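Asks: based on what follows, work out the 3D shape:
(3 chains, ligands or ions: 1)
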Amino acid sequence: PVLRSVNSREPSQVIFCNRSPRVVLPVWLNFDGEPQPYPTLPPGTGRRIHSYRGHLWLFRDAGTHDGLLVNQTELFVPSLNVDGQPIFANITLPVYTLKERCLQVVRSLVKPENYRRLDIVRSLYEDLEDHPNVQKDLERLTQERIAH
Amino acid sequence: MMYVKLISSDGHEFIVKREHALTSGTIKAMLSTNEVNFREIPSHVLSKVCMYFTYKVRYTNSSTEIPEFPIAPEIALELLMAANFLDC
Amino acid sequence: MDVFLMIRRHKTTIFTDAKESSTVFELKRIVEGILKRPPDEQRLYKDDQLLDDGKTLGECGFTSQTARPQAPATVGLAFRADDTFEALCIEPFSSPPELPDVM
Ligand SMILES: COCCOCCOc1cc([C@H](C(=O)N2C[C@H](O)C[C@H]2C(=O)N[C@@H](C)c2ccc(-c3scnc3C)cc2)C(C)C)on1
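Replies: Numbers count the residues shown, from 1 in each chain, chains lettered A, B, ... in the order given. Take a look:
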């Protein structure tokens, strides 16, 4: 309802640059605020995209849903093309906290059913199970906009 | 002072820039003192924590392509516990 | 160009950065500012190779490609113990426990 694309109907050509070692999942927030997944981008690859002014995009790891940055921020909004020159959407790894990075590595090695078999504190078991999720992040970003 | 000393459970002394150690909220509190002893963090974990501080300070607020922070599977569990205690 | 290092001696490890164009002698001045030992009482190594004071860190093999923030390059250090230099000794870090069955 709040975080949604504006139906401008004004085309905007964008280049999605995956400057990360992850397979990227571009996510478009439709006119109702629903995340719509788009075809994945392999690690060093770029893609020319036809989008519109005022549309909202976010990018995640396709396999784990780990958060990624686009032009050093969470959301990408295609702007006006000056001279038909496309807008760059530089998709990079954020500087994850060492804790989050450790959670990522552990999640990648152990099956979710065996998280409870790990010899760690109960709060860390819950942290492993609280895997990254687009809907949760959208709720978080919506809450942070109200504070402003 | 300019540098601080972080001592592992097995006695290894790691001398890092004060600004880099302040990345950890736990260390920041323990200092505010120029040395900190970690009776639960071994050297193979604490060395990686110091490498993380360098990585974080170098790549935060930077447009240069950020590389992946590598974590060997063998160190992942202990490093997770250490990161959780250190709040970093 | 910055180069990221671990200057190691016995159970001591200094995490610092330096320019690729900076010299081995200039690195000894950095060690002096930390461990309070003058350059004449220091020997710096790359593996078993003794490094010459006038050589740049780049010339000694410490480049941006090999001395990364997340994987710093190791520089060995030995002090002069009463006019005779000690042998280069670097205590290894602890061994990680055996990988759990779940991994
Ligand atoms: C010119 O005025 C039009 C008036 O019509 C009224 C305004 O139209 C429109 C049209 C649209 C949407 C739309 O089209 N969008 C949404 C994003 O903005 C993107 C765009 C879109 O789907 N582009 C296509 C071409 C496309 C883009 C990227 C890829 C990817 S992503 C990774 N690898 C690939 C290959 C694939 C396909 C549709 C509802 C889907 O919203 N409003």
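
Asks: so what's the residue in chain C that the ligand sits nearest to up against?
Replies: Nearest residue of chain C to the ligand: residue C:70, at 29.4 Å (Cβ to the nearest ligand atom). (Each C-beta comes from the backbone N, C-alpha and C, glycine too.) Residue C:70 makes contacts with B:51, B:52, B:54, B:55, B:67, B:69, B:70, as judged by Cβ atoms under 8 Å, 6 or more residues apart in numbering or on different chains.

Asks: for residue B:59, see how far away it is.
Replies: Computed with Cβ to Cβ, to the nearest Å, the distance linking residue C:70 and residue B:59 is 9 Å.

Asks: what is in contact with those two at once?
Replies: Common neighbours of residue C:70 and residue B:59 (Cβ under 8 Å, 6+ apart) are residue B:67.

Asks: returning to that earlier point: need the contacts of residue C:70 in JSON lines with neighbour count, can you?
Replies: Formatted as JSON lines, those follow (neighbours: other Cβ atoms under 10 Å in any protein chain shown):
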{"residue": "B:51", "neighbour count": "23"}
{"residue": "B:52", "neighbour count": "28"}
{"residue": "B:54", "neighbour count": "24"}
{"residue": "B:55", "neighbour count": "26"}
{"residue": "B:67", "neighbour count": "16"}
{"residue": "B:69", "neighbour count": "22"}
{"residue": "B:70", "neighbour count": "14"}
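
Asks: which of those fall in helices?
Replies: Among the contacts of residue C:70, the ones falling in helices (DSSP state H) are B:51, B:52, B:54, B:55.

Asks: farthest pair within those?
Replies: Spanning the widest gap among the ones in helices among the contacts of residue C:70 are B:52 and B:54, at 7.3 Å by Cβ to Cβ.

Asks: one step back: make CSV out of the contacts of residue C:70 and add distance to the ligand.
Replies: CSV is the format used below for the contacts of residue C:70 (distance: Cβ to the nearest ligand atom, whole Å):
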residue, distance to the ligand
B:51, 34
B:52, 32
B:54, 35
B:55, 30
B:67, 23
B:69, 26
B:70, 28
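
Asks: same list (those residues) but as CSV, adding distance to residue A:9.
Replies: Output for the contacts of residue C:70, formatted as CSV (distance: Cβ to Cβ, whole Å):
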residue, distance to residue A:9
B:51, 50
B:52, 47
B:54, 48
B:55, 44
B:67, 40
B:69, 42
B:70, 46
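
Asks: contact partners for the residue sitting furthest away from the middle of chain B?
Replies: Within chain B, residue B:63 marks the point farthest from the mean C-alpha position, 23.3 Å out by Cα atoms, centre = their mean. Residue B:63 is in contact with residue A:72, counting by Cβ under 8 Å, 6+ apart.

Asks: any idea which element it lies in?
Replies: Under the criterion DSSP states H and E, no helix or strand holds residue B:63.

Asks: and residue C:34, how close does it get to chain B?
Replies: As judged by Cβ to the nearest Cβ, to the nearest Å, residue C:34 and chain B stand 6 Å apart.

Asks: swap that for residue A:120, please
Replies: Distance from residue A:120 to chain B, by Cβ to the nearest Cβ: 6 Å.

Asks: care to break chain A down by domain?
Replies: A:11-92, A:98-142 (CATH domains of a matching chain).

Asks: nearest to residue C:13 among those would be which one?
Replies: With Cβ to Cβ as the criterion, residue C:13 lies closest to domain A:98-142 of the domains of chain A, at 18.1 Å.

Asks: can you count the residues close to residue 80?
Replies: You didn't pick a chain, so chain A it is. Neighbour count of residue A:80, defined by other Cβ atoms under 10 Å in any protein chain shown: 8.

Asks: I was thinking of chain C, sorry if that wasn't clear
Replies: So residue C:80, with other Cβ under 10 Å, has 14 neighbours.

Asks: could you say which helix or strand contains it?
Replies: Counting by DSSP H and E, residue C:80 is part of strand C:73-81.

Asks: quickly check: that strand near chain B or not.
Replies: No: applying Cβ under 8 Å from any Cβ of the partner chain, one finds strand C:73-81 out of contact with chain B, separated by at least 10.6 Å.

Asks: now stretch C:11-29
Replies: Yes: applying Cβ under 8 Å from any Cβ, one finds stretch C:11-29 in contact with chain B at C:11, C:12, C:13, C:14, C:15, C:16, C:17.

Asks: list the contacts for the fifth one?
Replies: To tie it back to what came earlier, the one meant is residue C:15. Residue C:15 sits in contact with B:14-17, B:20, B:50-51, B:53-54, C:4-6, C:72, where contact means Cβ under 8 Å, 6+ apart.

Asks: just put those in CSV and tack on distance to chain A.
Replies: Formatted as CSV, those follow (distance: Cβ to the nearest Cβ, whole Å):
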residue, distance to chain A
B:14, 15
B:15, 19
B:16, 14
B:17, 17
B:20, 13
B:50, 11
B:51, 10
B:53, 9
B:54, 12
C:4, 15
C:5, 20
C:6, 18
C:72, 16
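
Asks: tabulate the residues you listed (JSON lines), appending distance to residue A:85.
Replies: Formatted as JSON lines, these follow (distance: Cβ to Cβ, whole Å):
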{"residue": "B:14", "distance to residue A:85": "49"}
{"residue": "B:15", "distance to residue A:85": "49"}
{"residue": "B:16", "distance to residue A:85": "44"}
{"residue": "B:17", "distance to residue A:85": "42"}
{"residue": "B:20", "distance to residue A:85": "40"}
{"residue": "B:50", "distance to residue A:85": "44"}
{"residue": "B:51", "distance to residue A:85": "40"}
{"residue": "B:53", "distance to residue A:85": "40"}
{"residue": "B:54", "distance to residue A:85": "37"}
{"residue": "C:4", "distance to residue A:85": "37"}
{"residue": "C:5", "distance to residue A:85": "42"}
{"residue": "C:6", "distance to residue A:85": "45"}
{"residue": "C:72", "distance to residue A:85": "40"}
